[PDB]
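A.B. asks: One structure is given below, represented as structure tokens, and several questions about it will come after.
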Number of protein chains: 2
Amino acid sequence: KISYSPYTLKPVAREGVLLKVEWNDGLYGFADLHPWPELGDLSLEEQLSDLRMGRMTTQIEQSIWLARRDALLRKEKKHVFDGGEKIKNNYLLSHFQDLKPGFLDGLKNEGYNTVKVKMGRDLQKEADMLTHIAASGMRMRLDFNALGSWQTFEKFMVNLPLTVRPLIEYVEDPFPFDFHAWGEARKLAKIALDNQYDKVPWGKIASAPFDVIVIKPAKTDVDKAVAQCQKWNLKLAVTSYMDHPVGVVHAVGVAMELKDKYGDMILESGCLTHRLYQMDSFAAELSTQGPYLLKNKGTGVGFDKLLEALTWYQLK
Amino acid sequence: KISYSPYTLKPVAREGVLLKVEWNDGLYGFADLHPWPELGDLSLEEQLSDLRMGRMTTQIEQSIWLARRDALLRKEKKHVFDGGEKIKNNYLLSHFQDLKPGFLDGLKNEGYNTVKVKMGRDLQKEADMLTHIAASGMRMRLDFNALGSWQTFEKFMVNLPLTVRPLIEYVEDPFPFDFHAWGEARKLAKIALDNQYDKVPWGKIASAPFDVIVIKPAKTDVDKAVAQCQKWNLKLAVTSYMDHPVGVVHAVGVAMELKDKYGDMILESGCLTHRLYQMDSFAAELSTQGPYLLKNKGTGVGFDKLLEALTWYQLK
Ligand SMILES: [Mg+2]
Ligand SMILES: [Mg+2]
């Protein structure tokens with residue numbers, strides 16, 4: 001059985017649904033389904049429409065996989081955080097905010113070590129921002145969302161201040177995937193595979209033309225990504241999907257489990273994104289300590305009372 | 001001659017008295033006297049006792065000044081709002097009240113621009129409240145009531161998110177007045193001078209170590225405050241005194257007069273506090289339109305029939 005409860009999130013609007021899944025063994029769990037058509041996903045309406053037709057998107061498959069984890073935990077009355085190792089999240093910096101002097105010091109004192117920055121609009125401006133971050137001694141993650149090009153990327157990197165270069169943990173999707181271009185880009189900085197993941201022919205590559213695999217539990221087959229990481233001796237970073245609090249707790253839960261199991265193979269995550277939306281009933285139950293998402297009350301991903309209080313509509 | 005009518009206000013129990021003042025020219029007017037011993041005022045009993053013996057607190061002097069304004073208007077058959085420029089008030093948020101999703105968004109849609117928050121109880125509990133205010137895009141006024149410290153205050157400000165910082169209109173009495181400490185505090189945020197007003201050696205300072213002077217018509221010498229604001233090119237904010245509806249209307253009347261006269265020198269007000277108490281006959285006659293206090297029926301501050309219906313006891 002699959003049932004849903006719709007919701008809308010307002011950026012500081014987006015539509016998604018929470019899912020309640022029930023199995024034969026009498027277990028039931030919860031998960032989130034939050035499509036990002038802007039990133040290439042089928043819309044919420046289309047994914048659910050397709051589901052009725054019998055086809056399940058990989059994103060829905062992940063929602064089910066997550067709901068199962070939640071189900072087993074609620075059964076044994078444990079929280080997804082239990083058994084896992086705490087992990088720090090990076091701070092996402094939006095260039096639509098005037099970096100007040102001393103702010104970086106504000107983040108660092110509270111525990112933050114890394115800042116993720118969207119790159120692409122203005123390289124000059126962005127370069128100046130990276131210099132400020134480097135000046136504070138913090139590490140950084142550059143995300144080009146595959147908009148750049150091999151040439152522009154090279155010129156950009158080579159000309160960055162000597163203080164910046166060492167503090168760039170990695171560059172996500174520098175430009176559209178190309179085996180040779182990515183392989184050569186590695187000479188300038190560690191390269192991370194995020195939105196270009198589906199472009200890699202895993203059963204054909206002779207080696208991995210990247211250093212990090214970004215795993216988003218909401219969309220990525222976790223076991224397969226971990227397998228690839230171990231096969232090629234890479235590192236992995238777990239992120240949320242700018243989704244619902246339920247999706248966020250699920251993501252952190254996965255990250256903490258991986259950190260406990262694989263230690264140094266797991267880098268800091270990027271799941272602290274619930275603050276990107278205006279408070280809803282669920283977000284109200286979440287608390288943070290700097291780069292850490294604290295354990296919320298309840299079992300599974302928590303929100304026991306809130307989830308139990310919802311009217312769930314039969315889906316499939 | 002001065003006469004009074006006692007009253008109690010019950011928070012959502014405070015004692016105060018309305019005053020009926022008569023002049024040799026035959027005019028008579030009304031005002032409120034509502035002490036806040038919790039804020040340093042002498043008690044109602046003590047102020048009235050001192051009055052009978054020949055001394056008026058500045059608060060009583062203000063009540064008289066207000067009663068005269070009311071008397072003049074009742075003679076002309078005009079309301080205190082007439083000729084003034086309407087002014088927006090901030091919303092006073094309580095920490096003992098849980099925010100509900102969409103509430104702040106709702107206020108913003110009705111015209112509200114700012115939220116006032118009392119700080120001091122719990123910085124964290126309060127800091128999270130500021131994030132929600134920021135998330136709604138509203139400005140905020142923080143009132144520390146001079147309980148902090150130069151040190152305890154600096155730690156706080158630098159930690160506020162890049163979304164919050166630019167949304168802080170100003171901080172009222174961040175800590176006990178000190179010229180140097182306050183001057184340096186201005187670097188972290190604009191500072192408003194409220195309850196520490198009397199600690200400033202006016203005709204002795206070389207410059208003003210604050211950005212805003214808060215005027216409470218119930219106890220501040222208005223002309224004197226305006227003069228200092230003009231002398232140091234500051235800004236002023238007019239507020240009520242968590243007092244009787246009579247006091248509230250009087251305060252808004254002053255704010256509208258100042259706004260019409262000094263325009264941009266006057267910031268949004270903080271007089272919409274009648275809902276802080278359980279309904280009484282006077283509050284029943286007040287209406288609002290979002291952040292605006294609407295013109296109530298009558299002359300002077302209004303409430304003509306209500307005031308005329310009370311039995312007044314001779315005081316002095
Ligand atoms: Mg990315
Ligand atoms: Mg104050």
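A.B. asks: If you restrict to DSSP beta bridges whose two residues both lie in segment A:78-302, what percentage is antiparallel, to the nearest 5?
C.D. replies: Looking only at bridges with both residues in segment A:78-302, the antiparallel portion is about 10 percent.
A.B. asks: Right, another one. Give the Cα extents of the protein assembly as shown along the principal axes, in whole Å, largest first.
C.D. replies: 103, 59, 39
A.B. asks: Quote to one decimal, in nm, the extra length available between B:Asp178 and B:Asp122 on full extension: 0.36 nm per residue of separation minus the C-alpha distance between them.
C.D. replies: 17.8 nm
A.B. asks: Taking A:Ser136 in one copy and the same position in all the others, each labelled 7 Å out along Cα→Cβ, what are the pairwise distances from the first, in nm, shortest first?
C.D. replies: Shortest to longest, the spacings are 2.8 nm.
A.B. asks: Moving to a separate point now. Using alpha-carbon positions, what is the distance between the centroids of segment B:262-287 and segment A:256-272, in Å?
C.D. replies: Taking the Cα centre of segment A:256-272 as reference, the centre of segment B:262-287 is 53 Å away.
A.B. asks: A further question follows. Can you compute the helix-only [θ] at 222 nm over chain A? Use -39500 (n - 2.57) per DSSP H run of at least 4 residues, normalise by all residues, nearest 500 deg cm²/dmol.
C.D. replies: -9500 deg cm²/dmol
A.B. asks: Quick one: order A:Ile168, A:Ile205, B:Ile64 by neighbouring beta-carbon count within 10 Å, fewest to most.
C.D. replies: Listing A:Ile168, A:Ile205, B:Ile64 from fewest to most nearby Cβ atoms yields A:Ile205, B:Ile64, A:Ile168.
A.B. asks: Sticking with this one: Take every Cα pair under 8 Å in segment B:78-302 that's 6+ residues apart, average their separations, divide by the length, and report that relative contact order as a whole percent. Numbers along the way, then the final one.
C.D. replies: On the way: 380 pairs, mean separation 53.2, N = 225.
Reported as a whole number, the value is 24 percent.
A.B. asks: Further question: What per residue convex hull volume, in Å³, comes out for segment A:221-293 when only alpha-carbon positions are used?
C.D. replies: Hull volume normalised by residue count: 86 Å³.
A.B. asks: Something else: So if I take the centroid of the Cα atoms in segment A:128-207 and the same for segment B:187-205, what is the distance between those two points in Å?
C.D. replies: 51
A.B. asks: What is the residue of chain A with the smallest Cβ distance to the axis taking A onto B, and what is that distance in whole Å?
C.D. replies: Residue and rounded Å distance to the axis: A:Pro161, 2.
A.B. asks: If you put a point 7 Å past Cα along the Cβ direction, how far is that point for A:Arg186 from the same point in each other copy, in nm, smallest first?
C.D. replies: Between copies, matching label points for A:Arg186 lie 5.7 nm apart.
A.B. asks: Return A:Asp194, A:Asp32, B:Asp223 ranked ascending by Cβ neighbour count within 10 Å, so the fewest neighbours appear first. Present the calculation step by step, with values, prior to reporting the outcome.
C.D. replies: On the way: A:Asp194 20, A:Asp32 27, B:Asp223 9.
Ascending Cβ contact count within 10 Å gives the list B:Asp223, A:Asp194, A:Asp32.
A.B. asks: If r is the Cβ-Cβ distance from A:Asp82 to B:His95 and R0 is 30 Å, what FRET efficiency results, to the nearest 0.05?
C.D. replies: The computed FRET efficiency comes out at 0.40.
A.B. asks: For A:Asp260, which inter-copy label distances result when the label point lies 7 Å beyond Cα on the Cα-to-Cβ vector, reported in nm to one decimal and in ascending order?
C.D. replies: Going from nearest to farthest copy, the values are 7.0 nm.
A.B. asks: In addition: Determine the percent antiparallel among the DSSP beta bridges restricted to the protein assembly as shown, to the nearest 5.
C.D. replies: Once the DSSP bridges in the protein assembly as shown are tallied, antiparallel ones form about 45 percent.
A.B. asks: Classify segment A:78-302 as rounded, prolate or oblate, taking a ≥ b ≥ c as the square roots of the eigenvalues of its Cα gyration tensor: rounded when a/c is under 1.5, otherwise prolate if a/b is larger than b/c and oblate if not.
C.D. replies: oblate
A.B. asks: Right, another one. Can you give the Kirkwood hydrodynamic radius for segment A:1-125, in Å, rounded to one decimal and based on Cα pairs?
C.D. replies: 18.0
A.B. asks: Explain nothing, just the number: dipole magnitude of segment B:78-302 about its Cα centre with +1 on each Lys and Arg Cβ and -1 on each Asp and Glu Cβ, in debye rounded to the nearest 20.
C.D. replies: 220
A.B. asks: Cα centroids of segment B:90-125 and segment A:13-85: how far apart, whole angstrom?
C.D. replies: Taking the Cα centre of each part, segment B:90-125 and segment A:13-85 sit 34 Å apart.
A.B. asks: Checking the table A:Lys86/B:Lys125; A:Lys199/A:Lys231; B:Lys108/B:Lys231 against a 28 Å threshold on Cα-Cα, which pairs fail?
C.D. replies: Flagged as over cut-off: B:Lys108/B:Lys231.
A.B. asks: Can you sort A:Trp312, A:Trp202 so the residue with the fewest Cβ neighbours within 10 Å comes first?
C.D. replies: The most exposed by this proxy come first: A:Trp202, A:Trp312.
A.B. asks: Just tell me which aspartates and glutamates come within less than 17 Å, Cα to Cα, of B:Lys224; anything on the same chain fewer than 8 places away is out.
C.D. replies: Qualifying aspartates and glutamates at Cα under 17 Å: B:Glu61, B:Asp194, B:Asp198, B:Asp211, B:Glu257.
Neighbour counts run over all protein chains shown; Cβ positions are idealised from the backbone, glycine included. Here, each number is a calculation from the coordinates, and none is a lab measurement.
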